[PDB]
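Enquirer: Quick one: experimental structure and sequence below.
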Amino acid sequence: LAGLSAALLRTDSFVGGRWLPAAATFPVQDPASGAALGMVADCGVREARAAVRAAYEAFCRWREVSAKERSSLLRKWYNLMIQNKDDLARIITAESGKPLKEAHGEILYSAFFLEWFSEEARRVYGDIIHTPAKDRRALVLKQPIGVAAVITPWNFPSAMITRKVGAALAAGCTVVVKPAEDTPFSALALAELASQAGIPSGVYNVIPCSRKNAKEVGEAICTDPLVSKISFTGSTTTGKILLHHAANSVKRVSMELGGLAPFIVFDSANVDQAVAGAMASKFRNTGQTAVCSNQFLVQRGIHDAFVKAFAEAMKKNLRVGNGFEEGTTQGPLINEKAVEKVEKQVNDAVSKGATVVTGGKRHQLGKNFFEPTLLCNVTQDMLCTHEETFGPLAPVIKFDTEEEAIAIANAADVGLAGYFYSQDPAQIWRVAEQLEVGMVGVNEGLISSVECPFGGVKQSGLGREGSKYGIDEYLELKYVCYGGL
Amino acid sequence: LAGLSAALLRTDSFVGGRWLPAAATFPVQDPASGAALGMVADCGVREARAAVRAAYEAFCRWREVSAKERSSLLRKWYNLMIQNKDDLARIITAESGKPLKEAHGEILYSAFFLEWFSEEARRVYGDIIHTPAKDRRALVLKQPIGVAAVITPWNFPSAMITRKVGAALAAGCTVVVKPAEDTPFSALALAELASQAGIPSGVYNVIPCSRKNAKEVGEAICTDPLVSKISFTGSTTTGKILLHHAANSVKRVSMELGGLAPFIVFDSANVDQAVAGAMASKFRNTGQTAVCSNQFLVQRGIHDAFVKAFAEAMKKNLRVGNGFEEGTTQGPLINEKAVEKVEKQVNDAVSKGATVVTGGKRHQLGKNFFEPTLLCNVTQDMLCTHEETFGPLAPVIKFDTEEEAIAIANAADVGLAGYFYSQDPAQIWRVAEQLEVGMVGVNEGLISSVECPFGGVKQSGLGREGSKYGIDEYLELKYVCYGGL
Amino acid sequence: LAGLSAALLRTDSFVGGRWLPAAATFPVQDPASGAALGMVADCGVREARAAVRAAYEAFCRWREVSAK
Amino acid sequence: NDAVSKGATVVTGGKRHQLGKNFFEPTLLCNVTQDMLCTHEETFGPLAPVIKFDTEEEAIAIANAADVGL
């Protein structure tokens, strides 16, 4: 709980290389125990504009720094994350409630994004194009957009910031981060390390704030004319609101919006593996992620064998409890509103035909704990207005044909992640290409990777993060027609 | 005027491979003579939704066609444009009023976009990425977005459509075009040729409409859930309105918004060349383009020599008249509102200190003709609310230093094209990199090219057209984590 | 005035067996001298609902405890 | 800016200082004219606008463009 590096646990906002408190503050509590973690600065529109100016002024200098130097600083920052991984992991578990093991996995992942873009910084290549005219040459330069507003969710309080910020800095941009109020510490812990690494003042800013100011501050930074880019990860409702704010000044935008995720098990699938995959993809972070398989489409032939083995795996591996407690596998839901959402989903389903296979009530520990649930006999029309209800709940929907499963999964206008298990080479390519999603897992339930492009299609988002395409979200192309030859 | 291929001059909308008239129509007149050119279908929201459905249904089939086949059709379409270039050029001159020579230049350019993307279609490459885990392989596929709404301006009634549509089709998308009401014919002439080339029904649709329905139809297609992409070129005001429409469903967007364009002449510049460049960049299409150098920043040292030689070039080469008339160099302004805008700009400037060097009144031919104007002694603060006033008018602003010229030109939040003349190797790189614009012309006043990326920074736009980056505006990345290995 | 058991003079709210501060606070002064006594947590509707839930969940267990 | 664009001639530094933040370069503009101080009567900064005059009666009349006087 404590014994942490005093420098890592922070309560003030970080702007212009300085720790600044705000007129107001907001409480942050351990989602599992309820223990007060601290009072965090509640930045208002005033503090946001100031942060933007800090970022803008830092940009005019930062963009001037050599890519080899920016690269060097991004790596020192990476090393500092690894050096402090144990304490950084505890901060995540303490505020998100996810099991320490998972938190340790996030910190590495988070650190790997800084490492990865550190390498990308020196690889922004322009082009030399041939044109008919002999009196000219065409060059294409790539330059950083400027200042970017980064708004992150609570699920992965560290990795979500690091994957956006790493790219931005590697490109030569500066950023103003607005972390989730449920988990502001991971963002400020990163700030402490950014100053230790030597990140110039104003290049990385963090302005924490609560529900009260969320709306105002969100609009302030997504509207400021000194801001030229917006990176948001969260709900579709907030996303669309920021898209309107952005529209007024034609800002560059990239976002990943919450949503469902199909998990299809075909007759030719290796049951145990499918189950292991369903286990990893559904109960990671207690089912609180946008890449969390919500609905399971399972083929008649293998249905029964699957639903049974899945349930038997849940009893064997899921241990609800406190994230710091050894052996815990399932942490608490972030808040009460969250629990109510799961209950809503479960009851609405049972009352409509669903058959609860195991645990469908609040856990005996009370508070925000919910029993990992598995319901079968679920039907497509039982997921309405629950597309953003995240919890340890797995509704299994049976199907007969492939064409059928694909049609159901593609009940789109939404499409982020998608999973499926099969042993048919031909079927694998068909489904993988036809699944209207941004990321597809084949015989795998965990697909995270800093070198691969994350994001969604249709209403699930804009742009991609990570991989060799991540840095492009923060660059502008400039065609230079060198003539007079 | 006539004697044109009856099949090329069309009046009905083109949807689902069929020519469909609308309940209403609107007149189109030769901007120079005033002659009635024809009654064109005025599509309403109903006809637009129908066109979208046509495009959507065509998409499910078109996306399935091999890239080599889509490529083949795009080229047949290109050949048909070249085969009919003379008549296609006349249609442009007849409706835009630009000189035949210029119209001939547009048709080639327009045709070259179809040719260019025809080649791009077979070159959409996915990736194979290495990841630490030995039990999996990472693949990245690129697939077409779906249906795109294409809204084009009147300036380049053909090339503006062709550069967007070529990319979309090459990527495997289908489109619904909403041409400018001042110049709908070029869009329909293309449709006739698309059917001759064998473009499948619904792949290329055109829904003409007038001011009345512009607002409604614009919203209809930029809102329809069957539409996943929007490509708009025009005013910043309409652009921002479409950005709001797009926001509601998180549509992919790419636009190029009108704006100023600096033309800097430095002391080391070759006067004659600078003048020739200023001539080409300012009076092309009679100064009616977004890439038209509006303000001229000229250094004290070479100022006088320049302003004089520029004026002497205007008298020698600019011949106002009818585009079909041999020897015409300057055509009419598109409409009265346009002329009033130029007058406004000229008078507002003179009355504020400017010195008219040559012709600053309506031309003696009357109607929409305006005398090519050149005013010196202009000052930065004389371009307010005129950033989108296009006409044959060149305001010259003197400057002392480079730092100064750059600061003035970068009075941004706007940035599309930029030009400058210099003979200093070092200065060339400095200005070219510091000019916050999307395209920079060095010792050249004409920079068009289908293999180079066009577009703007800040509020001048989103995305790029042409070149090897054009097709990316119409693709979605899909990361496939092939595991179970 | 002071020299009191630090544990007895408190400023945070008490919910679910834990001391929890609130986003806001309010001053408490000695009605006679005017001296500032301390800043006390100013609980809002959010903190109240949470306290109620704490009480409700505690009730299901407390009611079960023997009267002795 | 309102002054320069209206006729003023910046004699020295008329932009934010290179230190950024709230620093501004001490400015000195000449060729300024009385009608360039509107809605700026309470704009305080290191800025000195010089207005030329011929006679005493003139200078006094300008300075006494009162209803204000500290």
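Expert: Right, received. Where do you want to start? Numbers count the residues shown, from 1 in each chain, chains lettered A, B, ... in the order given.

Enquirer: I'd like to know how far residue A:162 sits from residue A:285.
Expert: To residue A:285, residue A:162 is 17 Å away according to Cβ to Cβ, to the nearest Å. For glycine as for every other residue, the C-beta is placed from the backbone atoms N, C-alpha and C.

Enquirer: out of those two, which sits in the busier spot?
Expert: Using other Cβ atoms under 10 Å in any protein chain shown, the more surrounded residue of residue A:162 and residue A:285 is residue A:162, with 30 against 22.

Enquirer: can you give me phi and psi for that one?
Expert: Main-chain dihedrals, residue A:162, degrees, to the nearest 10: phi -60, psi -40.

Enquirer: for the one 10 residues further on, same thing?
Expert: Its backbone dihedrals place residue A:172 at phi 110, psi 10, with angles given as degrees, to the nearest 10.

Enquirer: could you list every residue that touches it?
Expert: Counting by Cβ atoms under 8 Å, 6 or more residues apart in numbering or on different chains, residue A:172 touches A:62-63, A:65, A:67, A:70, A:143-144, A:474.

Enquirer: Go through those and say which is closest to residue B:415.
Expert: Closest approach to residue B:415 among the contacts of residue A:172 (Cβ to Cβ): residue A:143, at 11.4 Å.

Enquirer: so what's that closest one closest to, chain neighbours aside?
Expert: residue A:476 (5.5 Å; Cβ to Cβ, 6 or more residues apart in numbering or on different chains).

Enquirer: In what element of secondary structure is the one you found found?
Expert: In this assignment (DSSP states H and E), residue A:476 forms part of strand A:475-482.

Enquirer: okay, now the residue nearest to residue A:143: neighbour count?
Expert: So residue A:476, with other Cβ under 10 Å, has 23 neighbours.

Enquirer: repeat for the one 3 residues further on
Expert: In terms of burial, residue A:479 registers 27 neighbours under the definition other Cβ under 10 Å.

Enquirer: can you pull up the bridge partners for it?
Expert: For residue A:479, the residues forming beta bridges with it (DSSP bridges) are residue A:140, residue B:439.

Enquirer: residue in the stretch 51-200 of chain A nearest to chain C?
Expert: Closest approach between the stretch 51-200 of chain A and chain C, counting by Cβ to the nearest Cβ: residue A:181, at 10.6 Å.

Enquirer: nope, the stretch 351-485 of chain A is what I meant
Expert: Closest point on the stretch 351-485 of chain A to chain C, by Cβ to the nearest Cβ, is residue A:366, at 4.6 Å.

Enquirer: Start from the N-terminal end of the stretch 101-250 of chain A and give the helices.
Expert: A:159-171, A:185-197, A:211-223, A:236-247 (DSSP state H, counting those that start in this stretch).

Enquirer: winner for burial among these?
Expert: Ranked by mean neighbour count under mean count of other Cβ atoms under 10 Å in any protein chain shown, those are led by helix A:159-171, which reaches a mean of 28.

Enquirer: tell me what that one is packed against?
Expert: helix A:67-83, helix A:100-120, strand A:147-151, strand A:174-178, helix A:185-197, strand A:229-234 (3 or more Cβ pairs under 8 Å, 6 or more residues apart in numbering or on different chains; DSSP states H and E).

Enquirer: CA atoms of it as CSV?
Expert: Only the C-alpha atoms of helix A:159-171 are listed here, as CSV (Å, rounded to 0.1, in the frame of the first residue of the first chain):
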residue,chain,number,x,y,z
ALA,A,159,-0.1,2.1,-21.0
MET,A,160,-3.0,4.2,-22.4
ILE,A,161,-0.9,7.4,-21.9
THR,A,162,2.4,6.0,-22.8
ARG,A,163,1.3,4.7,-26.2
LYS,A,164,-0.1,8.1,-27.3
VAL,A,165,2.6,10.3,-25.6
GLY,A,166,5.5,8.2,-26.9
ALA,A,167,4.4,8.6,-30.5
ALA,A,168,3.7,12.3,-30.1
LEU,A,169,7.1,13.0,-28.6
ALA,A,170,8.9,10.8,-31.0
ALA,A,171,7.3,12.8,-33.8
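
Enquirer: Okay, angle between that helix and helix A:100-120 too, please.
Expert: Angle between the axes of helix A:159-171 and helix A:100-120 is 10 degrees (criterion: axes from the mean of the first three to the mean of the last three Cα atoms, to 10 degrees).

Enquirer: Could you check the angle helix A:159-171 makes with strand A:147-151?
Expert: Counting by the same axes, to 10 degrees, helix A:159-171 lies at 170 degrees to strand A:147-151.

Enquirer: Tell me which residue is most central in chain A.
Expert: Taking Cα atoms, centre = their mean, the centroid of chain A lies closest to residue A:160, which sits 4.6 Å from it.

Enquirer: That residue reaches residue A:234, doesn't it?
Expert: No. In this structure, residue A:160 is not within contact of residue A:234 by Cβ atoms under 8 Å, at 9.4 Å.

Enquirer: Common neighbours of these two, please.
Expert: Taking Cβ under 8 Å, 6+ apart as the criterion, residue A:160 and residue A:234 both touch A:152-153.

Enquirer: Please report phi then psi for residue A:454.
Expert: Taking degrees, to the nearest 10 as the convention, residue A:454 sits at phi -100, psi 140.

Enquirer: ok, now residue A:289?
Expert: With angles defined as degrees, to the nearest 10, residue A:289 sits at phi -160, psi 160.

Enquirer: show me the contacts for the residue lying closest to residue A:247 once chain neighbours are set aside.
Expert: Of all residues not flanking residue A:247 in the chain, residue B:243 sits nearest, at 3.6 Å (Cβ to Cβ, 6+ apart). Residues in contact with residue B:243 (Cβ under 8 Å, 6+ apart) are A:246-247, A:250, B:253, B:255.

Enquirer: I am finished for the moment; much appreciated.
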